[PDB]
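# Got a sequence here, can you model it:
(chains A, B, C, D and E, ligands or ions: 29)
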Amino acid sequence: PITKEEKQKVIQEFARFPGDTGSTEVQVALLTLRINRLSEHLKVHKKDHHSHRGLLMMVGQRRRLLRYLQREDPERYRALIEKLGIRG
Amino acid sequence: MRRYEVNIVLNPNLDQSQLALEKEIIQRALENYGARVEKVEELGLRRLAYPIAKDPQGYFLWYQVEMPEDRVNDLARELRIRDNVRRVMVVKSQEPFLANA
Amino acid sequence: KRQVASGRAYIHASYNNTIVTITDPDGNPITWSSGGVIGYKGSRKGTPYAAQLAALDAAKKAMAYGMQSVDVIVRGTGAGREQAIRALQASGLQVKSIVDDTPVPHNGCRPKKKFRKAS
Amino acid sequence: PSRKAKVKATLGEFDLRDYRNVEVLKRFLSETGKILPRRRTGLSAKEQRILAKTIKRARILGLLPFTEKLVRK
RNA sequence: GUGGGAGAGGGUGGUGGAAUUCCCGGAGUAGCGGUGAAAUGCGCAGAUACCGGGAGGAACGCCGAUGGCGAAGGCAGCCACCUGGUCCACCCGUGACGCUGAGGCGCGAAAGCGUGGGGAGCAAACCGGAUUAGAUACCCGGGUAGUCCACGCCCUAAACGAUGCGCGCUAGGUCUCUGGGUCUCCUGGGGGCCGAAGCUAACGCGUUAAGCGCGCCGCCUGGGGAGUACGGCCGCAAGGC
Ligand SMILES: [K+]
Ligand SMILES: [K+]
Ligand SMILES: [K+]
Ligand SMILES: [K+]
Ligand SMILES: [K+]
Ligand SMILES: [Mg+2]
Ligand SMILES: [Mg+2]
Ligand SMILES: [Mg+2]
Ligand SMILES: [Mg+2]
Ligand SMILES: [Mg+2]
Ligand SMILES: [Mg+2]
Ligand SMILES: [Mg+2]
Ligand SMILES: [Mg+2]
Ligand SMILES: [Mg+2]
Ligand SMILES: [Mg+2]
Ligand SMILES: [Mg+2]
Ligand SMILES: [Mg+2]
Ligand SMILES: [Mg+2]
Ligand SMILES: [Mg+2]
Ligand SMILES: [Mg+2]
Ligand SMILES: [Mg+2]
Ligand SMILES: [Mg+2]
Ligand SMILES: [Mg+2]
Ligand SMILES: [Mg+2]
Ligand SMILES: [Mg+2]
Ligand SMILES: [Mg+2]
Ligand SMILES: [Mg+2]
Ligand SMILES: [Mg+2]
Ligand SMILES: [Mg+2]
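Residues are numbered from 1 along each chain as shown, chains lettered A, B, ... in the order given. Ligands and ions are numbered 1, 2, ... in the order given. Here you go, the structure:
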């Protein structure tokens, strides 16, 4: 699945200050985690459509948060996309 | 790493040398799949509700073990290879749900 | 020629006919009968009266092998299943057990249109 | 009707998740093999739903009948 | 974010019992089957009925619901693995990041197409038997495509709550599924039935609105001609928009 250790790792990684579980960065991170997991799961099991819908939703969330981040602080945005390697 | 329970129904006609053979085979197969035994309860030969392999009874052993999730299915398969093995049931361990409490 | 004296009686009841096999404790048939075994021909086979004299015919045929004690099994639900057990009741054969084995599946096979509205 | 005897009421405090326990599960079955309906099991939504699984489990292990012959009649 | 819940939500792989068919064997004899009544059909190369062994496909009885899950189509033996949504408690983090959504993209019952497997039961077409005035039908006996699997198409429907999505507000009662708490009771989340105010042509709807409002999308404008023609697009075709 995704173990709590993995999660806490990425959170501790992308936090803005210690204690931050909620910032845009953290969220986009956790999303990228789950999205990548699901893309891997759907490389096999290509016939599983409902999960696919899930991932469409996740992606849409992400692009939205990222679009907010760019609207807000372009520097943090650039930093993020470069860090996770997004935008495709 | 999760806790499962392995269910093994065995053939009742078994000689002790052959019985212990099947048991130590199960042992080696469990170890080889990275499973560690936690509790074991060998209940023995009991009358079934309907013939299995044309036999009116079966020999039961039960293993509550902790093993890597990813291997479990493979393990079950190994367990069923032997002819003396009749059923293999591997259940994900659960917490007892009571009534009249 | 056997001298069985104990054994089984399978009543198979349908809507179109009733038929009684009488067999040995291992289940191999000794004799049998049915609606058409006696005079009957058409629909009249699934009469309950037909099932009566069918069970009786079978019983008499069974006394010929010298049978006394018999366990009944009843498969099928139809007119004159009950009257067949009722004739058999004292046919002179004494009846030990009665059972219903009538086969029902777990929804395996797809029934005919006539038998449909189920699966 | 089914006002005669409720199964949970005629029994003690038992584990509902135990497929290995036979003699307890046995009392939730009928004359033939068939799992008893809620009204005669005196269970609840969740309870019934769990009994079903533990019973079917026990059936696969060969500890409970899938179906029985009916006596009398 | 943390800690938990329920579930036929999805994909993949295992596996269980019942039944039907077929094959092998045993016993057994004159029918079985079928209908309103019958006939065709099957049976002395021994059937039907009965017991034992085996093969193969398909579907999962009881639980089973007035139930649950899913955006819809839809989802039901058991077990494991992969995985989506969702609900509750704490009230910890971000700080309006929100709603809707023309076009695009994906999904999309059944039947249908292509290639290849599979084929037990059922069964369009077809072949027979009946009934009828006739009977291209209802009934009965056969039976091919098909139904099942993989991959690829097709894109439809009473695809129905015939009721677009989101949010705020406006009596209650009763049944019910599932969380949490001080656990007769209180408090969330879903499904029903009756009903305030109100709405409605009426039937009815009525905190699961068809009420009061705001945002956004889709659609309507007498019946027949006709979902036809012509044009375009998609499709292997059938055909679709
Ligand atoms: K969980
Ligand atoms: K329903
Ligand atoms: K054709
Ligand atoms: K419409
Ligand atoms: K055209
Ligand atoms: Mg008849
Ligand atoms: Mg008598
Ligand atoms: Mg969860
Ligand atoms: Mg499921
Ligand atoms: Mg002939
Ligand atoms: Mg012969
Ligand atoms: Mg075959
Ligand atoms: Mg539906
Ligand atoms: Mg806070
Ligand atoms: Mg602040
Ligand atoms: Mg389709
Ligand atoms: Mg189809
Ligand atoms: Mg095809
Ligand atoms: Mg063609
Ligand atoms: Mg047919
Ligand atoms: Mg026909
Ligand atoms: Mg409610
Ligand atoms: Mg009023
Ligand atoms: Mg109404
Ligand atoms: Mg009302
Ligand atoms: Mg006009
Ligand atoms: Mg006009
Ligand atoms: Mg059209
Ligand atoms: Mg063209």
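
# what residues are up against residue D:64?
Shown in contact with residue D:64 (Cβ atoms under 8 Å, 6 or more residues apart in numbering or on different chains): B:49, D:22, D:25, D:26, D:29, D:33, D:55, D:58. (Each C-beta comes from the backbone N, C-alpha and C, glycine too.)

# which of those residues lies closest to ligand 7?
Nearest to ligand 7 out of the contacts of residue D:64 is residue D:33 (Cβ to the ion; 32.1 Å).

# Need phi/psi at the one residue sitting closest to the centre of chain D.
When Cα atoms, centre = their mean is applied to chain D, the residue found nearest the centroid is residue D:28 (2.0 Å). Per-residue torsions, residue D:28: phi -100, psi 0 (degrees, to the nearest 10).

# Tally up the residues packed near residue 23, please.
Went with chain A since none was named. 16 (other Cβ atoms under 10 Å in any protein chain shown).

# if you could check chain C rather than the one you did, that'd help
By the criterion of other Cβ under 10 Å, residue C:23 has 19 neighbours.

# just residue A:70 next, same as before
Residue A:70: 15 neighbours (other Cβ under 10 Å).

# mind checking how far the residue nearest to the centre of chain D is from residue D:3?
Distance of residue D:28 to residue D:3, given as Cβ to Cβ, to the nearest Å: 18 Å.

# again with residue B:47
34 Å.

# do the same with residue C:31
Where residue D:3 is concerned, residue C:31 sits at a distance of 48 Å (Cβ to Cβ).

# Settle it for me: which of those two has more neighbours?
Between residue C:31 and residue D:3, counted using other Cβ under 10 Å, the more crowded position is residue C:31 (18 against 6).

# which residues touch that one?
Applying Cβ under 8 Å, 6+ apart, one finds that residue C:31 lies in contact with C:21, C:22, C:58, C:61, C:62, C:64, C:65.

# redo that, cut-off 7 Å
Shown in contact with residue C:31 (Cβ atoms under 7 Å, 6 or more residues apart in numbering or on different chains): C:22, C:58, C:61, C:62.

# Now it: closest residue in space that isn't a chain neighbour?
residue C:61 (4.0 Å; Cβ to Cβ, 6 or more residues apart in numbering or on different chains).

# May I ask which helix or strand encompasses the one you found?
When secondary structure is defined by DSSP states H and E, residue C:61 falls within helix C:48-63.

# okay, that helix in PDB with CA atoms only?
C-alpha atoms of helix C:48-63 as PDB (Å, rounded to 0.1, in the frame of the first residue of the first chain):
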ATOM      1  CA  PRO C  48     -51.800 -39.800  -7.600                       C
ATOM      2  CA  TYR C  49     -53.900 -43.000  -7.900                       C
ATOM      3  CA  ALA C  50     -51.500 -44.200 -10.600                       C
ATOM      4  CA  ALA C  51     -48.700 -43.500  -8.100                       C
ATOM      5  CA  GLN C  52     -50.500 -45.500  -5.600                       C
ATOM      6  CA  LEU C  53     -50.700 -48.700  -7.700                       C
ATOM      7  CA  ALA C  54     -47.200 -48.000  -8.900                       C
ATOM      8  CA  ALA C  55     -45.800 -48.000  -5.400                       C
ATOM      9  CA  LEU C  56     -47.900 -51.100  -4.700                       C
ATOM     10  CA  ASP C  57     -46.800 -52.800  -7.800                       C
ATOM     11  CA  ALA C  58     -43.200 -52.200  -6.900                       C
ATOM     12  CA  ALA C  59     -43.900 -53.400  -3.300                       C
ATOM     13  CA  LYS C  60     -45.500 -56.700  -4.500                       C
ATOM     14  CA  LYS C  61     -42.600 -57.200  -7.000                       C
ATOM     15  CA  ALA C  62     -40.300 -56.600  -4.000                       C
ATOM     16  CA  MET C  63     -42.000 -59.200  -1.800                       C
END
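
# Please consider this matter closed, and thank you.
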